[PDB]
**Student:** 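Take a look at the following structure, please.
Heavy atoms only: backbone and side chains are in, while hydrogens, waters and symmetry mates are out. Whatever order the structure lists ligands and atoms in, that order sets their numbers, starting from 1. Position 1 is the first residue of the sequence; numbering continues from there.
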Amino acid sequence: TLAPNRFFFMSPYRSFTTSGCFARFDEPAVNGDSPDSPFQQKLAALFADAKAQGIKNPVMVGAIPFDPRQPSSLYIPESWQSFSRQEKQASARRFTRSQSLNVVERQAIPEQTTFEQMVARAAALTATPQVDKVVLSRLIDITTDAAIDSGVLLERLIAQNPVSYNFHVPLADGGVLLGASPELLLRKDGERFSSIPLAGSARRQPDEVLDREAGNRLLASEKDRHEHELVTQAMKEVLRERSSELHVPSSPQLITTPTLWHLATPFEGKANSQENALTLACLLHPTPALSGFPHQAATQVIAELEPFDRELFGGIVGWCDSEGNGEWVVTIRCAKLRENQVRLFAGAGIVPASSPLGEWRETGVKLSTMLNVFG
Ligand SMILES: C=C(O[C@H]1C=CC=C(C(=O)O)[C@@H]1O)C(=O)O
Ligand SMILES: [Mg+2]
């Protein structure tokens, strides 16, 4: 299985692994949408260093945190290795062995009543003109007795989530950021780009007809359509100023994960160039699916209600090459592991039609993707 110091990315676009490490890159990604920002200038330079030093076709991979004022977890590997997503999906339709793991401690940060009161405050605030949507999140901390094998976990992740954007990111503190993301934030392929934001959620059902009825009810739910509209209206505005052309559908489609129905709107467009995967990714992130709307207002509520720092959770994860192509997906349905400690994360968009218990339960089902991976 995959060694923990290797990047792994599984996607219908480009799926690959990396090896070794040429140079790390931790410049904060704030203002990274401007080609004249320190982030972009330093990026170009390192790609230049890489080629001079004889790195062929250098790639920048890893993760950027929710608040891009914080350092990035990005690097250029010594080498990378394509593989076929399809071959990997076929190989994962198997019984997936598991690491025997003992729990020494488990802890919900916060616990149910506290989270419910947080949702109620945020909901009440969204009832005022001051903000329209706040994304609130919570964690499950688990401590084992043994170092966790991130490679065995990845095999389970893939087997349980063969379709999503599956990532395994080595981290500078020795940890691994692992996950099964359903949300494309930015793909760039030549001059064209796309983004498939999600927001609005309904639990899958084992019964075929009930499953379909759950999806249908989601498309008819005013709360979830409102939650989703605030996201797409935001990104449409942002991308208007920046794209030669832009296609956005007028209503969402349905997408599934193993646990959830989601509302999804596909954006496609042509990039003004002098643009790359990261200039556009930093432009968009975070959307109101992960921060809220208006952005700065929502991030203030988040800072005042959440009893923890998100760090990489709710950021983006992916890759950019020196030609400006790349793909960035939202850092959700995911876990940070280091030695015998795991932190799982989930958020949910809060609007005036949000109930405290409903969003505790929605974040619960979101947490279940990684809880399933761990058993
Ligand atoms: C913040 C998360 O999801 C976002 C995107 C998909 C569904 C979401 C929702 O319905 O609240 C969130 O906007 C998460 O999965 O932890
Ligand atoms: Mg939601």
**Student:** Would you indicate whether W360, at its atom CH2, is surrounded by more than 12 heavy atoms from other residues, nucleotides or ligands within a distance under 6.0 Å?
**Tutor:**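 Counting other residues, nucleotides and ligands, CH2 of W360 exceeds 12 neighbours.
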
**Student:** Taking only non-hydrogen atoms of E227, do any sit less than 4.0 angstrom from ligand 1?
**Tutor:**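 True for this residue.
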
**Student:** Say you draw a straight line from CG of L157 to NE2 of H168; how long is it, rounded to the nearest 0.5 Å?
**Tutor:**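 One finds 10.0 Å between CG of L157 and NE2 of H168.
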
**Student:** Would one find more than 12 heavy atoms of other residues, nucleotides or ligands at under 6.0 Å from atom CZ of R192?
**Tutor:**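 Counting other residues, nucleotides and ligands, CZ of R192 exceeds 12 neighbours.
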
**Student:** Do the two ring centres, one from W319 and one from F7, sit under 6.0 Å apart?
**Tutor:**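 Between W319 and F7, the centre distance exceeds or equals 6.0 Å.
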
**Student:** Out of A289, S181, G292, indicate the one that has the non-hydrogen atom closest to atom 13 (O) of ligand 1.
**Tutor:**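 The option holding the nearest heavy atom is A289.
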
**Student:** For atom 16 (O) of ligand 1, what's the nearest protein heavy-atom neighbour? Residue, atom name and distance, please.
**Tutor:**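 In this structure, atom 16 (O) of ligand 1 has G347 N, 2.8 Å as its nearest protein heavy atom.
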
**Student:** Please check if the number of heavy atoms outside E245 that lie under 6.0 Å from its CD is greater than 12.
**Tutor:**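 Atom CD in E245 is packed in, count exceeds 12.
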
**Student:** Is it true that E208 and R212 make a salt bridge, defined as a side-chain N closer than 4.0 Å to a carboxylate O?
**Tutor:**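 Answer for the salt bridge query: no.
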
**Student:** Does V209 share a hydrophobic cluster with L218, counting links as ILVMFWY side-chain heavy atoms below 4.5 Å and allowing steps through other members?
**Tutor:**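 They do not share one cluster, since no chain of ILVMFWY contacts under 4.5 Å joins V209 to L218.
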
**Student:** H262 heavy atoms, cut-off 4.0 Å: which ligand 1 atoms fall inside?
**Tutor:**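 Reading through ligand 1 atom by atom, the close ones are 7 (C).
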
**Student:** Any idea which atoms of ligand 1 are less than 4.0 Å away from a heavy-atom of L198?
**Tutor:**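 Those of ligand 1 that fall under 4.0 Å from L198 are 5 (C), 6 (C), 13 (O).
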
**Student:** So for ligand 1, is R333 a polar contact partner (N or O within less than 3.5 Å, distance only)?
**Tutor:**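 Right, the criterion is met.
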
**Student:** Would you say the ring centroid of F8 lies under 6.0 angstrom from that of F83?
**Tutor:**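 Aromatic pair counts; centres sit under 6.0 Å.
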
**Student:** Given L230, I332, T331, which one has a non-hydrogen atom that is nearest to atom 14 (C) of ligand 1?
**Tutor:**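 It is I332 whose heavy atom sits nearest to atom 14 (C) of ligand 1.
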
**Student:** Around the Mg ion (ligand 2), list the protein N/O/S atoms within a radius below 2.8 Å, excluding water molecules.
**Tutor:**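 Only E227 OE2, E362 OE2 fall inside 2.8 Å of the Mg ion (ligand 2).
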
**Student:** When the aromatic ring centroids of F47 and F22 are compared, is their separation below 6.0 Å?
**Tutor:**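 No; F22 has its ring centre 6.0 Å or more from that of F47.
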
**Student:** Around atom 5 (C) of ligand 1, find the nearest protein heavy atom and jot down its residue, atom name and distance.
**Tutor:**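 Of the protein heavy atoms, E183 OE1, 3.1 Å lies nearest.
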
**Student:** Hey, what's the ring geometry for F313 with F345, parallel, tilted or perpendicular (30° and 60° as the breaks)?
**Tutor:**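 Correct class here is parallel.
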
**Student:** Does an N or O anywhere in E362 fall below 3.5 Å from an N or O of ligand 1?
**Tutor:**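 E362 vs ligand 1: N/O contact under 3.5 Å present.
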
**Student:** Which heavy atom in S291 sits nearest to a heavy atom in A298, and how many Å separate them?
**Tutor:**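 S291 and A298 have their closest heavy atoms at O-CB, 3.5 Å.
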
**Student:** Should you measure from each heavy atom of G200, which atoms of ligand 1 turn up under 4.0 Å away?
**Tutor:**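 Numbered from 1, ligand 1 contributes 9 (C), 10 (O).
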
**Student:** What about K366: any of its N or O atoms under 3.5 Å from an N or O on ligand 1?
**Tutor:**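 Right, the criterion is met.
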
**Student:** Check whether more than 12 heavy atoms from other residues, nucleotides or ligands sit under 6.0 Å from atom CD of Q112, and answer yes or no.
**Tutor:**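 Buried by this count: over 12 neighbours within 6.0 Å.
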
**Student:** Going by the closest heavy atom to atom 10 (O) of ligand 1, which one wins out of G179, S201, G349?
**Tutor:**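 The nearest heavy atom belongs to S201.
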
